[PDB]
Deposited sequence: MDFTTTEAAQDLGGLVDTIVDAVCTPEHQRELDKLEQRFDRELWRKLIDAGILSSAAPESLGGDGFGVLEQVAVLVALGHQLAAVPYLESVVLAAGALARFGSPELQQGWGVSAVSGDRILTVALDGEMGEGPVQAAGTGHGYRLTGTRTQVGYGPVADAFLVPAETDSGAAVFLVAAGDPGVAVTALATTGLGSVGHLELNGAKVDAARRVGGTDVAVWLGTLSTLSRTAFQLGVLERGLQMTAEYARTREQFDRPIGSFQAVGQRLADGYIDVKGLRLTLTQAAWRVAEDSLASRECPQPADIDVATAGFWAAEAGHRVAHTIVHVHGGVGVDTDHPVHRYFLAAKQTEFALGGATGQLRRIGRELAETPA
């Protein structure tokens, strides 16, 4: 038993924290608020230049070959400052799937370009409520895809999307370029105010070589998506909680720090407990996925990301009072980011449902 993360994870995490601390000042966050698409190009360029994208990407795509633990470390460090960059979508998920499942042809063009930061890839796992999956009809040269996918992270600024769809052979995942005919991306306005899109495929033709793989690709993407968003959530909540503690030591009412009222301390301690729970379950889940079954440990940590998310986001705001909602202060964005991820995970209940099914199906 040993909870120390790798030396490479600690080094990456530390370097990313130095970078986001320098770049994501309170003023910088306010400037990002004015963009039509919240994508922090300055940050992204500094991360590319420092080697962050290539560090935990496969050697086949030009990376240094670190893996899931190091990706988790980067995501937690990014979360600290609500980083508006598609590390998760492009490197962890899209490039990860090309490297694991895709042809050398998909790797060497799209894969390599994602890892170098020249292109932005994303994945489109979520459907609109009440609608069925994307349908992929077989043509001569390939496929025609018809359907929609929503809540696509960085959709409006992405070069291409990995899209699950039903085929005559069963489920598969296709790479669909933003410029293919029959492809339309519509910007969405979400709680978190991030870059998010709706993807409409209206007979979008794709060549056979755009098929990344079969049903195993979507499963892997689902798992890593929960894990990765859990990591980013930890960073959001860890920093949020710390900011709130520091506020409670500073803000005085009734001639004393609000942090000296036992009601406030009790609530902030429960926050520490929630964040610690998230931290520990994320650690277990990440070690399990690195093992390479993990589904239940991942869902446990996902539950914690949603659950700590709800309680800690509310605590952050309540203890700050007016300052917690005033958009001249940085506090408010921690609530928004925590909530966007809470429901991107399907909520506490969606994650508990995946756990409960496993407990039902596998004999005790």
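Q: Quick one: where does the model skip the deposited sequence?
A: Counting from residue 1, the one stretch without coordinates is 293-301.
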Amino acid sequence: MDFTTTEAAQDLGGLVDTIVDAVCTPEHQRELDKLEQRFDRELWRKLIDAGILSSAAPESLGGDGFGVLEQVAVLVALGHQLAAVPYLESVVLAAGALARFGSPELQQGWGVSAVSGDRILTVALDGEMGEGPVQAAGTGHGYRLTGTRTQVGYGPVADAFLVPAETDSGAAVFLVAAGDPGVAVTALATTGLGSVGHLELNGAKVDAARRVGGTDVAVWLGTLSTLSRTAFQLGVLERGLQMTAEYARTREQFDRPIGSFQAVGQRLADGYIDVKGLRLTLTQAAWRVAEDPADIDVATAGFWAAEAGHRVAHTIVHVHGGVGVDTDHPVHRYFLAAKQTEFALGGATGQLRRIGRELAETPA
From here on, numbers count along this sequence of modelled residues.
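Q: What stretch has the higher average Cα B-factor here, 260-268 or 178-186?
A: Looking at the record's C-alpha B-factors, the answer is 178-186.
Q: Of the two stretches 226-234 and 158-166, which shows the higher Cα B-factor on average in the entry?
A: Higher mean C-alpha B-factor in the PDB entry: 158-166.
Q: Would you mind checking which of 204, 152, 73, 278 has the top Cα temperature factor in the PDB entry?
A: Most elevated C-alpha B-factor of the set, per the entry: 204.
Q: Sort 121, 82, 106, 241 by C-alpha B-factor from the entry and give me just the highest.
A: Spelled out: the listed residue with the top C-alpha B-factor is 106.
Q: Could you tell me which third, lowest, middle or highest, the C-alpha B-factor of residue 197 occupies within its chain?
A: It falls in the bottom third of the chain.
Q: Would the CA B-factor of residue 330 place it in the lowest, middle or highest third of its chain?
A: Residue 330: CA B-factor falls in the middle third of its chain.
Q: Please place residue 318 in the lowest, middle or highest third of its chain according to the CA B-factor in the PDB entry.
A: It belongs to the lowest third of the chain when residues are ordered by C-alpha B-factor.
Q: Sorting the chain's CA B-factors, does residue 287 end up in the lowest, middle or highest third?
A: Residue 287: CA B-factor falls in the middle third of its chain.
Q: Can you tell me which third, lowest, middle or highest, the CA B-factor of residue 220 falls into for its chain?
A: According to the entry, residue 220 has a C-alpha B-factor in the chain's middle third.
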